[PDB]
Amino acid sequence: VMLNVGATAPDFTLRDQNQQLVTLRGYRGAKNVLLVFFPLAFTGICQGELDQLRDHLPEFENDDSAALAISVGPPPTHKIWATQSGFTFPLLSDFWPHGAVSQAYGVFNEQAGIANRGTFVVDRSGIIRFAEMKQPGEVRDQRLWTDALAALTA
């Protein structure tokens, strides 16, 4: 069961693609955080979604906002994918324990062992203000993400 708007966003500490520790708590009081769970690196739909994030990165990484992509892949997988795709935003590894953060947000697929396509906006207080989960074959709409982020500044 996916966490809803109004819930406290579970805290986490995860390695990014360069093996550096990134914590959700660190953004508190400073930026609104977009969390983009994705199932697997090197797949077509995931490529398309993170490409859109890359293409509009200034709307997601700025003085008001940050964006974190999260999947069960380990850092080396995310590093190569990021380098080859030109992703400069953090890709975080929910790798070991496998899918623990995804489970805490209620967006883990127990059967396949991957995160579903869940998206959250966490405000400066650590409260979830936006929550979506998409069905297969559909691509998430990035205009919703920027709109939700814009609504939490002005």
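Start at 1 and count along the sequence shown; that's the residue number.
The PDB entry records a higher mean C-alpha B factor for 24-32 than for its counterpart among 24-32 and 92-100. Higher mean CA temperature factor between 106-114 and 65-73: 106-114, per the PDB entry. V122 sits in the lowest third of its chain by CA B factor, as recorded in the PDB entry. Per the PDB record, residue ranking by Cα B-factor puts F87 in the lowest third of the chain. Sort the chain's modelled residues by C-alpha temperature factor and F60 lands in the highest third, per the entry.
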